[PDB]
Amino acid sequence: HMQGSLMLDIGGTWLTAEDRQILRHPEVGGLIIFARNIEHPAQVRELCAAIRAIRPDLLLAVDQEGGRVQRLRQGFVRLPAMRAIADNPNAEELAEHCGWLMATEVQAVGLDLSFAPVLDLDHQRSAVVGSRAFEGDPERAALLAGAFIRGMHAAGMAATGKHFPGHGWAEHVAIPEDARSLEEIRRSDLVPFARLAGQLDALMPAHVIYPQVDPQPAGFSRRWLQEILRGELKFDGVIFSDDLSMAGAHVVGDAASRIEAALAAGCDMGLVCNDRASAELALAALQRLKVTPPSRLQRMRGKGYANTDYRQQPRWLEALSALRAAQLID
């Protein structure tokens, strides 16, 4: 008897026979979509509606930030990279309009959540963060990200920060490492997570090892999650996990043990993406563990609804005009 949940994905654009069957299990708590699942706004809207007909309580998420990481394209406005938002005097509200406009549009197609914003610091070396972050100096990036979260919450969408405790300095031979003292990490990459700890609804851990703190990745470290995230930072939200079926991950064992290690470390929901066979393995482990969904998991449901006329409300006009006034909307 413990707590935990599973977030998986599908293959095509509509639900297959086994997709409907595997979704009916209560241990499955979420579903995340990628480019292979998206075609049109009216299509992804019906895709969510098809899922709610099966599980009205399921969590539907997607990777929708600004810049190169935007899965919703064919019918959606192209949002600029969050680094481009910083280079403006009115950048605080400019990021606030960006969070509101991103959440309202992805909620208009039936989705609950977007894994945004990135809280990583744009130092020189990490390439996977790059333009996805705001700036390199810490305290300003946390100010701009907090404004981005204000816009998301204004649209009724919960925000999830990525990637705890920091992916900006961690540079396929092994999983990247960040060999810096905890006192040195807290002075740099950790403070954006500290400032926004009480504001964020959820967090995703980085697939990074910090040797002077814990010998494991953050997504499995009881010390990173239970000792300093919940105790020191006083984060009372949802702890997602890294991709437990990550391509090229250096975690020996099957998905059944990867999800058990994450739940024991403090994670509430486990992600298995682009690997169906691993989703059944982790589902089978959660069933034999007899887990129930954590009470925090419902705070992630999007307070918006699938709306065809979301372009009618006034703020959509003011936000759209304010963003292209700074040359951000194409």
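Here, rigid core means the biggest group of C-alpha atoms that superpose within 1.5 Å across both forms. Residue numbers run from 1 along the displayed sequence.
Trainee: Fitting on the rigid core only, I'd like to know which of the two stretches, 301-309 or 258-266, ends up farther away in Cα terms in 4 other deposited structures of this protein.
Mentor: Farther from the shown form on average in 4 other deposited structures of this protein: 301-309.
Trainee: Overlaying the structures in 4 other deposited structures of this protein on the rigid core, point out which of 66-74 and 53-61 has the bigger RMS C-alpha shift.
Mentor: Greater root mean square C-alpha distance in 4 other deposited structures of this protein: 66-74.
Trainee: Neighbours in the displayed sequence, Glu171 and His172 may still hide a gap; how many deposited residues lack coordinates there, none, 1 to 3, 4 to 9, or 10 or more?
Mentor: Gap size class: 1 to 3 residues without coordinates, per the record.
Trainee: On average, are the C-alpha B-factors higher in 221-229 or in 252-260?
Mentor: The recorded data point to 252-260.
Trainee: With respect to the recorded C-alpha B factors, which stretch has the higher mean value, 307-315 or 18-26?
Mentor: It is 307-315 that shows the higher mean C-alpha B-factor.
Trainee: Just grab whichever of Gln107, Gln74, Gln199, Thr160 has the top CA B-factor as deposited.
Mentor: Among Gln107, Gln74, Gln199, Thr160, the PDB entry lists the largest C-alpha B-factor for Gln74.
Trainee: Among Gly151, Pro80, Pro117, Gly166, where is the Cα B factor highest in this entry?
Mentor: Out of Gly151, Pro80, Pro117, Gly166, the record gives the largest C-alpha B-factor to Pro80.
Trainee: Could you say whether, by C-alpha temperature factor, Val238 belongs to the lowest, middle or highest third of its chain?
Mentor: It falls in the bottom third of the chain.
Trainee: Consider only the C-alpha atoms of the modelled residues in this chain, order them by B-factor as the entry records it, and name the third containing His207: lowest, middle or highest.
Mentor: Lowest third of the chain for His207's C-alpha B-factor.
Trainee: Consider only the C-alpha atoms of the modelled residues in this chain, order them by B-factor as the entry records it, and name the third containing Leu113: lowest, middle or highest.
Mentor: For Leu113, the deposited C-alpha B-factor lands in the lowest third.
Trainee: Quick check on the deposited entry: does the C-alpha B-factor of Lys290 sit in the lowest, middle or highest third of its chain?
Mentor: Middle third, going by the recorded CA B-factors of the chain.
Trainee: Among the chain's modelled residues, which third holds the C-alpha B-factor of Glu39?
Mentor: CA B-factor rank for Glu39: highest third.
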